[PDB]
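To keep things clear, I will list the structure first and then write my remarks on it.
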Amino acid sequence: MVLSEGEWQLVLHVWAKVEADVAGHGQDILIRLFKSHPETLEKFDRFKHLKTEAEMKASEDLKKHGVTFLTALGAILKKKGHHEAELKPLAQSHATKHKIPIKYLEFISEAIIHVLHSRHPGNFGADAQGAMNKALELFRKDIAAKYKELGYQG
Ligand code: HEM
């Protein structure tokens, strides 16, 4: 796919809001994912033992990885589709080292959309959500293409 400039503007406008509090958004999204899809937590040797949401919120390690992840994602979105270079090292580590199936990338996409809808209802109307979903779909399509090339495809 290819997003229009109008669609990228909707994505980047809400993302600017997200950037006012990177750690907080990173925390909310990861917790959303872990509660919605508990199996995903089993991929993190460092977070695997966290039993409750209270423990997840208190984990400094979890908050740090949330910032690392959001920062990587923000760098990709800001490329407005020209993210080939950024996708390479990311697809290799997640396919070969972490072994994250494509199914899981869909789970986190839903979590991101849920949190943005919760914290920014005014800047995340129907048009803005469709634009963000289009951006994430584009990301997943390219990542899956890289997975194939790397010999994985999960
Ligand atoms: C938009 C999606 C994603 C982005 C931008 C992203 C980004 C990152 C980044 C930057 C790291 C750091 C270095 C590395 O690549 O190993 C990382 C690590 C990791 N990611 Fe992701 N990731 C994404 C989705 C996921 C998903 C869906 C899972 C699991 C359900 C996952 C599991 C992991 C694991 C297991 C590690 C390493 C943790 C550690 O031992 O430090 N990632 N990810």
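Numbers here simply count residues along the sequence, with the first being 1. Both ligands and their constituent atoms are indexed starting at 1 by order of listing. FYI, side chains are in, hydrogens and waters are out, and symmetry mates aren't considered; it's all heavy atoms of this structure.
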[X]: numbered ligand 1 atoms lying under 4.0 Å from its heavy atoms:
| X | value |
| --- | --- |
| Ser93 | 14 (C), 15 (O), 16 (O) |
| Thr68 | 10 (C) |
| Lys43 | 35 (C) |
| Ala72 | 10 (C) |

Handout entry: N/O/S from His94 sitting under 2.8 Å away from atom 21 (Fe) of ligand 1
Key = yes
Nearest non-hydrogen protein atom, [atom]:
| atom | answer |
| --- | --- |
| atom 11 (C) of ligand 1 | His65 CE1, 3.9 Å |
| atom 30 (C) of ligand 1 | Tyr104 CD2, 3.5 Å |
| atom 7 (C) of ligand 1 | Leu90 CD1, 3.6 Å |
| atom 37 (C) of ligand 1 | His98 CE1, 3.5 Å |
| atom 26 (C) of ligand 1 | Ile100 CG2, 3.9 Å |
| atom 4 (C) of ligand 1 | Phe69 CD1, 3.7 Å |
| atom 41 (O) of ligand 1 | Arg46 NH2, 3.0 Å |

Handout entry: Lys48/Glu42 salt bridge by N-O under 4.0 Å criterion
Key =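 No, this pair does not count.
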Practice task
Answer side chain, backbone, both or neither: which part of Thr71 comes under 4.0 Å from ligand 1, heavy atoms only.
Solution key: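 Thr71 to ligand 1: no contact under 4.0 Å from either part.
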Exercise for the section: Assess the pair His13 and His120: is the distance between their ring centroids shorter than 6.0 Å? Expected result: no
Handout entry: Nearest option to atom 34 (C) of ligand 1, as decided by whichever heavy atom of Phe44, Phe139, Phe34 sits closest
Key =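 It is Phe44 whose heavy atom sits nearest to atom 34 (C) of ligand 1.
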Exercise for the section: Using a cut-off of 6.0 Å, state whether more than 12 heavy atoms not belonging to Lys88 lie near its atom NZ. Expected result: no
Kindly give the heavy-atom pair with the smallest separation between [X] and [Y], and that separation in Å.
| X | Y | value |
| --- | --- | --- |
| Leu90 | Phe139 | CD2-CZ, 3.9 Å |
| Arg46 | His65 | NH2-ND1, 4.0 Å |
| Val11 | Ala135 | CG2-CB, 4.2 Å |

Practice task
Examine the side chains of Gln129 and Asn133 and answer whether a donor and an acceptor come within less than 3.5 Å of each other.
Solution key: no
Problem - Short side-chain to backbone donor-acceptor contact, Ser59 and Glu55, under 3.5 Å - result: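 It does not hold such a pair.
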Practice task
Describe, in one word, how the ring planes of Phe47 and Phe44 are oriented to each other, choosing from parallel (under 30°), tilted (30 to 60°) and perpendicular (over 60°).
Solution key: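 The arrangement is parallel - the two ring planes meet at less than 30°.
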